[PDB]
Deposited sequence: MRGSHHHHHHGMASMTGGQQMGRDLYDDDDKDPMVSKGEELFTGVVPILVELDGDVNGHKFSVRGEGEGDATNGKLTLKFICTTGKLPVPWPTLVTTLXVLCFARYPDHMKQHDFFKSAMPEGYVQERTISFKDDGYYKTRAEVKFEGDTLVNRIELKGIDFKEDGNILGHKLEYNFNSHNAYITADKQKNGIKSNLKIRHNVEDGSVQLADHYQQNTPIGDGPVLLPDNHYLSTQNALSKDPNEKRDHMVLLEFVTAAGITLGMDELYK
């Protein structure tokens, strides 16, 4: 697999999400670019149906891990790039404790020259007066580590991760993520060993933009595997 060869330069990104949370429907379109050599993402997202009915931060993890920077002593553990350009499926259930849960299914693959993340999201059992549907979460994001393990019997990977959203009252809302990834095509994919992804995010606004939106900068760097002799 020569999939990592496609991430040598800067690659345009396209994100399209169709959502439905307690019957409240919405769509988000995002565009920008990713630089995997640095593990950098820059994107602007627009809610094309008007007002977004969930807080923008609850969607950050849903809205392209093939742009992570894998160190040279870990290039043999980069599942996401190995499946390219055929792509992989990314599925998650995100359980906000004391509240509802998201179910997502996305396809991450190339369409022409652009890297595309196409997602379907369903939200269920949320409290209408809660932190999610009630818009009680601060417009920021913390740095997190996502531990990755290989699932041999599915030809992909899985991961657990505990996102902490800051609440406007000073408390913290926990979003319990469970994730599985499987390749679209049939090419040879790389199944890693136990490691993790280290992630930072900076959320901002565009002053000349009237629609509901989010400007996102993100850094994703692989770690965990011991460097030694070589």
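Visitor: Pop the missing stretches of the deposited sequence into a list, counting residues from 1 and keeping sequence order.
Guide: Coordinates drop out over 1 to 35, 99, 267 to 270.
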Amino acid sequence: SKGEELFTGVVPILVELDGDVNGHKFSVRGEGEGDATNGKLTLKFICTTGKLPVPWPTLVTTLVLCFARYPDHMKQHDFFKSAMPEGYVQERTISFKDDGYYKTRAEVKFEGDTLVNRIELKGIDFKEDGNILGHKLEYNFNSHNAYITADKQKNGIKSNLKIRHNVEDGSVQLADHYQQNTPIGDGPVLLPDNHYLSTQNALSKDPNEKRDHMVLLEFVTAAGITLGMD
From here on, numbers count along this sequence of modelled residues.
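Visitor: Could you settle it for me: does 9 to 17 or 215 to 223 have the higher average Cα B factor in the PDB entry?
Guide: Averaging CA B-factors over each stretch, the winner is 9 to 17.
Visitor: Once you work out the mean C-alpha B-factor for both 76 to 84 and 136 to 144 from the entry, which is higher?
Guide: Averaging CA B-factors over each stretch, the winner is 76 to 84.
Visitor: Can you pull the Cα B-factors for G30, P57, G185, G34 from the entry and say which is highest?
Guide: When the deposited C-alpha B-factors of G30, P57, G185, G34 are compared, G185 is largest.
Visitor: In terms of recorded Cα temperature factor, pick the maximum from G39, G170, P53, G50.
Guide: Among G39, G170, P53, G50, the highest C-alpha B-factor in the entry belongs to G170.
Visitor: Per the entry's values, where does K152 land by CA temperature factor relative to the rest of its chain, in the lowest, middle or highest third?
Guide: Highest third - that is where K152 ends up once the chain's C-alpha B-factors are sorted.
Visitor: Classify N117 as lowest, middle or highest third according to the C-alpha B-factor given in the PDB entry, relative to its own chain.
Guide: It belongs to the lowest third of the chain when residues are ordered by C-alpha B-factor.
Visitor: Would you mind ranking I46 by its C-alpha B-factor against the rest of the chain and naming the third, lowest, middle or highest?
Guide: Middle third by C-alpha B-factor.
Visitor: When the modelled residues of the chain are sorted by Cα temperature factor, does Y102 land in the lowest, middle or highest third?
Guide: Within its chain, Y102 is a lowest-third residue by C-alpha B-factor, going by the deposited values.
Visitor: Among the modelled residues of its chain, does the C-alpha B-factor of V189 lie in the lowest, middle or highest third?
Guide: CA B-factor rank for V189: highest third.
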